[PDB]
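Structure record follows, encoded as structure tokens.
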Amino acid sequence: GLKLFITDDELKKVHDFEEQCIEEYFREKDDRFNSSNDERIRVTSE
Amino acid sequence: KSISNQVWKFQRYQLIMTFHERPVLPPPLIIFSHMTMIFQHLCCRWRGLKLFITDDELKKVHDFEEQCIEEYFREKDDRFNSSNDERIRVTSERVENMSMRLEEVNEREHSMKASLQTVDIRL
Amino acid sequence: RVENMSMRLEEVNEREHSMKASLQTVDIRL
Amino acid sequence: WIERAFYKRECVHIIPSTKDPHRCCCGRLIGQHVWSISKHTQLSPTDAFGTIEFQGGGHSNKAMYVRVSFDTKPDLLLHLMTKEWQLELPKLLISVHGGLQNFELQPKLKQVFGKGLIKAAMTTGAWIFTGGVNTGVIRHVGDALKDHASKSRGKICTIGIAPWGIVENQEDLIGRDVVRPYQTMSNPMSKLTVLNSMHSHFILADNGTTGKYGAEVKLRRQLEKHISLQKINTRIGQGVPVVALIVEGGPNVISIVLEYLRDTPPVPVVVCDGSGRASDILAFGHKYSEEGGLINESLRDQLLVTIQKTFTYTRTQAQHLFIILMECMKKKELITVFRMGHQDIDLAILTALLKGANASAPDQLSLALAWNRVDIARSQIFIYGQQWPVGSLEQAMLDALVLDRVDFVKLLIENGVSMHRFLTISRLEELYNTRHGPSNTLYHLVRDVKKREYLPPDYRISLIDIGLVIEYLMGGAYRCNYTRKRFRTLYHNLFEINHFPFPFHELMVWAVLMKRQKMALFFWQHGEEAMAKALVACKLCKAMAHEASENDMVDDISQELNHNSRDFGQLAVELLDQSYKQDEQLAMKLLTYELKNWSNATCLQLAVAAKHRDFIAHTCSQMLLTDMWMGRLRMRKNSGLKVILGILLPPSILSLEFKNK
Amino acid sequence: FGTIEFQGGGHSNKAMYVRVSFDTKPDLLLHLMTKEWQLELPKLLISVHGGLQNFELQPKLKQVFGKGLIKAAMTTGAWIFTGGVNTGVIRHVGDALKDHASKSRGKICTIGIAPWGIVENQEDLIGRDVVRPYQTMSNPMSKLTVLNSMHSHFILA
Amino acid sequence: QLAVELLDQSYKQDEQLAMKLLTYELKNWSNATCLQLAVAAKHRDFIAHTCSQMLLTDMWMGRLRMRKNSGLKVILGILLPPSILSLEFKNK
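Residue numbers (the entry's author numbering), protein chains in the order written: chain A, 1157 to 1202; chain B, 1099 to 1145, 1157 to 1232; chain C, 1203 to 1232; chain D, 31 to 64, 92 to 398, 402 to 514, 526 to 566, 607 to 772; chain E, 106 to 262; chain F, 681 to 772.
Right, dumping it as structure tokens:
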């Protein structure tokens, strides 16, 4: 039930979804950091 | 308990809408009120919250509604623009605009002051 | 105040281009 | 299938000598050897397949490729890249023809042009043909896509047409369906040019020779002409529209620009100045030349001198290249310039691509609706003197509502929609039956109401069925206008009589049944009885949440319906709050009156029918419902006891105050 | 008679109007606009006499003069007499009231004295007590000049 | 909470790759899955997200669509073998 045997060509299309999730997620934490009340005024004073 | 007074306002509405439709005599003497309601209904058929708004006073309550629609989005735009968030969502772009505009003035004013010195030398 | 420097400094930027060009034109004719 | 359909070739015979015995005319060494003009190349099935996903300097993206002959079918590559490359057809097209040799640019100009090109690739979703090997214009656009396109939606679909022999490490690219890594170790002395690693797609145009250019040029031209031949689904113009960006370049840039301007269809050419060489001489031939031959002798002689000296070209053929430059000046409508000095080159390339297209203004509007660009549409398509045909703007509105485009319908109602004349019964039913948008659950609800009343997949849902859908969802004693006998006889007689005098309410029911919240708020913004419409939309949203909780599927739809329900409820709360702040005397009359388009009900009874919480707790309804208790009477000061004394003592009722009628 | 409440480019406000003779009583219009126009008497008065033909201005000067006029209309609560048809000085003050008066108390009470024949779509304005829509489709070749849509009141002299 | 937020993002991207991501076998991790290594790790908030909610709810129903006001309907099926025939089935 929870242990389906993923073949050699459908492991590739679920792996590239994983690393595209890794690069895309750190975009959102950098955008909320740069647009926060803290770090956006951590740039204006310089 | 943060909603206790509030939830009383829901159940009191159900009492008001029922008692508007109830016959005026008590449920003891409601044979009298049922008799006269059948009396008034049969004498015409065999022979509160629902006021009928006429065609000229629907216009003066409709234009109050669309003027409320345009006026309300003014207040949400003003509290947005004057909030701590969005008012500094504009200042950093302007300061960044002075980052290369003033540096462009700094790049060419060196040539402008040098042009004044060179012209004064050749005069 | 920052909004006041938005068009005041831009007004300096509009006319300093003509001021530097006036210095170059005067130096050419001298 | 790809190996058995695309064939490579390689020079295996003749073996001449060109100023060296080992230096073949086919490029490889004499020992390294194992078109057919004096080369005798042999056609064979291709061995170079798989992925060349890279390492080093980042850019470890999926980089699958294909190697084809120089004389290969453009259609076969077209079905390749549409079928087994997972690439849908683009809405635009841009090329990176330019200087093959390595150059450099000013930082601000490079940054502005690169940002403009990458955000053009983001907005249009186009395919970007590039030389492929990281040198000069290809290296600059590689730095450009790495500038901000890696920080904004890094699925650019850039395709690099490079020769098979010109790329470095040809033995590394041998192997069928094998993921061969390639390192970015740039050898400074190797003639085999390094690749651009963050390019997603590659083409290895194989002419059977090595280290020679010009073979991929003909393949690139036939592929782009075939791509322009493939008609787009909206069918705006001559297939997918195409435009060519030129930065630097040589005489080849001038010749292919003259080829593009004289081509069928007339593909426009964007030229960016400030970079030198061919782009600057095309810019100079465009700026002061007017109608092609309206060039004075002084600037013509200056252009001839700069060709002879700055371009280091022969003066004998300088007149020939001035004839070619005048030929480029003969078609200045396609020719575009970008003289710089937010606010990037996206608008410039957009109006360049939509300018020289030989297409109508509704065609350009359909193209802009495809690109999801409203500012470019406002600047270019909607301008003065535009003779818009009758019925085309209505078709543009139909396409705009079915694609769920809020700024486009804002621009369309800003440019004379006439929404009362636009909306009919048939257009509304076609609007409902259209499924060219986001996911929804109209089918399960219409199947449930058909099961309740008593379903094929091709069933066309009538307005009676959706009217009984709002009757099912709102519940109680709600009677929608679509189940009325008059509307049923009009439906029988027809399937401004067919037009709707109150269009925004059907826009509310279409917006809430199609899960389009942005449509619901925008069609809220214009219209009458807006409190009633927001309240009943809250009722339908809570009812759809009840249906999607009683069915409790993949719970994104249930959570967004709960979100829309409580948001529209607090919308009703804040509008009552504002009407209380404005004036109270119109406020209670607003909350009481009868609603002819909403089953002759009121705000309060539809509110409790919707089971909204905080609408009836405000002070306006507080004084309304308190005064609707007292009836025509003023006997309230310390109540409870006084009303008990009146009902027990009929004399004491006479000592109670009465409200004036 | 009726309302010519507009569509297109925003400005879907209440736009009731009246058509009178050129030789008509000023007092009769005065009691009209005080009684059944729901307009109380202003504390000041300002007119928009100016260039009838279409012109253009510098952006800063247009912005400053327009903001000054609209906040004068806010503070004094005055009535603003304008040519009415959106061209030149009328178009500039229409952009001016749309500049910040739409963002600050958009009940300006602007009245446009326009000729009955000079306005476009005269057949559209036929009908007594009928809310006739008018689209802002500006014909570049029609001599009948287009209207300024965000004006609240109109006079058809 | 890193595992929590990555599951959150994969839920926001698309669900059909998301449950397949949470189910498949891990050849470098003792042939186990995300869920069983999650409860082996005794992490709290990983399996409370809506992706695992619909995964574990659909892994209860098995190959079957008999859910609308459940509890009572499944009791009536297991007591009445005729009434199982009046229940919907998921397509294989």
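Quick reminder that beta carbons are idealized off the backbone N, C-alpha and C, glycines included.
query: What did DSSP end up calling residue 211 of chain E once you bin it into helix, strand or coil?
result: coil
- Item | Interfacial residues, the region 1188-1219 of chain B to chain A, with Cβ spacing under 8 Å | 1193, 1194, 1197, 1198, 1200, 1201, 1204
*In three-state DSSP terms, what is residue 121 of chain D?*
strand
Beta-carbon gap between residue 123 of chain E and residue 146 of chain E smaller than 8 Å:
no
In angstroms, rounded to a whole number, what distance separates the CA positions of residue 1159 of chain B and residue 1118 of chain B? 12 Å
8 Å is my cut-off, CB to CB: does residue 119 of chain E come that close to chain B? yes
Subject >> Within-8 Å CB hit, residue 616 of chain D to chain E >> reply: no
query: Candidates E:251, E:220, E:167, E:256: which alpha carbon is nearest residue 128 of chain E's?
result: E:220
From the DSSP output, read off the bridge partner residues of residue 128 of chain E.
DSSP output for residue 128 of chain E lists no bridge partner at all.
Quiz item: Quick one: is residue 1110 of chain B near chain E, going by C-beta distance under 8 Å?
Solution: no
| query | Where DSSP assigns a beta bridge to residue 792 of chain D, which residues make up the other side? | reply | Residue 792 of chain D lies beyond the range of chain D shown here (31 to 772); nothing can be said about it.
Does residue 241 of chain E have its Cβ less than 8 Å from a Cβ in chain D?
yes
Practice problem: Grab the span of the beta strand (DSSP E) containing residue 184 of chain D for me, first residue to last. | Solution: 184-187
**Item:** Sequence ranges, beta strand (DSSP E) only - wholly within the region 163-207 of chain D, length at least 3
**Value:** 184-187
Where residue 1188 of chain B falls: helix, strand or coil (DSSP)
helix
* **residue 162 of chain D to residue 254 of chain D span [Cα, whole Å]** => 21 Å
State yes or no: is the beta carbon of residue 1179 of chain B nearer than 8 Å to at least one beta carbon in chain E? yes
- Query: When burial is assigned at 16 or more other CB atoms within 10 Å of the CB, is residue 1130 of chain B buried or exposed?
  - Reply: exposed
Considering only residues of the same chain and omitting the five flanking positions on each side of residue 1170 of chain B, which have a CB-CB separation below 8 Å? 1162
What is the DSSP secondary structure of residue 1173 of chain A, counted as helix, strand or coil?
-> helix
Quiz item: How is residue 768 of chain D classed by DSSP in three states: helix, strand or coil?
Solution: strand
Proximity below 8 Å, CB of residue 34 of chain D to CB of residue 100 of chain D:
no
For the structure I just gave you, are there three or more beta carbon pairs, one from the region 699-710 of chain D and one from the region 1177-1188 of chain A, closer than 8 Å?
no
Report yes or no: do the region 314-334 of chain D and the region 176-187 of chain D share at least 3 C-beta pairs separated by less than 8 Å?
no
Interface residues of chain A facing residue 695 of chain F [CB-CB closer than 8 Å]: Here the premise fails: no neighbours, minimum Cβ distance about 12 Å.
> Would you call residue 1189 of chain A buried or exposed, if buried means 16 or more other Cβ atoms sit within 10 Å of its Cβ?
Replying inline: exposed
* **Cβ neighbours of residue 217 of chain E in the same chain (closer than 6 Å, five flanking residues each side left out)** => 187, 189, 256, 259
- State the beta-bridge partners of residue 745 of chain F as determined by DSSP. F:768
- Counting only the same chain and skipping the five closest in sequence on each side, list residues whose C-beta sits under 6 Å from that of residue 381 of chain D. 311, 315
Exercise. Between the C-alpha atoms of residue 1199 of chain A and residue 710 of chain F, what's the straight-line distance to the nearest angstrom?
Worked result: 47 Å
Enumerated in chain order, which unbroken segments of the beta strand (DSSP E) with a length of 3 residues or greater are wholly contained in the region 219-284 of chain D? 232-236, 258-263
Distance, Cα to Cα, residue 732 of chain D vs residue 470 of chain D?
35 Å
**Report entry** is_contact[residue 199 of chain E, chain D] using C-beta, thresh 8 Å
**Finding:** no
Quiz prompt | Contacts of residue 1161 of chain A in chain F (Cβ-Cβ under 7 Å) | solution = 705
Note down, in chain order, every chain D residue with its Cβ under 7 Å from the Cβ of residue 1225 of chain B.
Correct list: empty, because the minimum Cβ distance to chain D is about 24 Å.
So what's residue 112 of chain E in DSSP terms, helix, strand or just coil? strand
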